[PDB]
Ligand code: HEC
């Protein structure tokens, strides 16, 4: 956990409690913490990228698979 975001380099904009170029993973988690499919949705935009729900900066695409996409929404959501 955690070390994963490094191998990818998502912190370049995201941030647990630091609203930087991207919505702090902690903030997004709470926003999707009251949901039940935050895993599919998130990962759905993780392998696609883009934007429109938090801003416009088309986040750069990534090379992850469904499984990896799950750990991202599961690891980012658990973060508060
Ligand atoms: C800055 C260039 C970014 C880097 C690097 C990464 N992400 Fe990102 N991400 C960024 C923004 C600005 C947004 C919001 C765009 C919008 O308006 O919606 C996002 C969003 C995500 C999301 C949300 C998916 C969703 O809710 O549909 C996820 C899951 C996400 N980003 C994952 C992610 C990962 C895994 C990264 C490293 C591989 C990563 N992002 C880098 C900006 C940036």
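We're sticking with Swiss-Prot numbering for chain A, so the shown stretch reads 19-98, in order.
Determined by solution NMR, according to the entry header.
A Cβ is built for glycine as well, from the same backbone N, Cα and C atoms used for every other residue.
What Swiss-Prot records for 28, 31, 32, 77 is heme c binding site.
Its own atom aside, the Cβ of residue 77 (heme c binding site) has 19 Cβ atoms within 10 angstroms in the protein chains shown.
Listed in chain order, the residues near the heme c site other than 28, 31, 32, 77 are 29, 30, 39, 40, each with its Cβ within 8 Å of the site Cβ centroid. Site extent for heme c: among the recorded binding residues 28, 31, 32, 77, the largest C-alpha separation is 10 Å.
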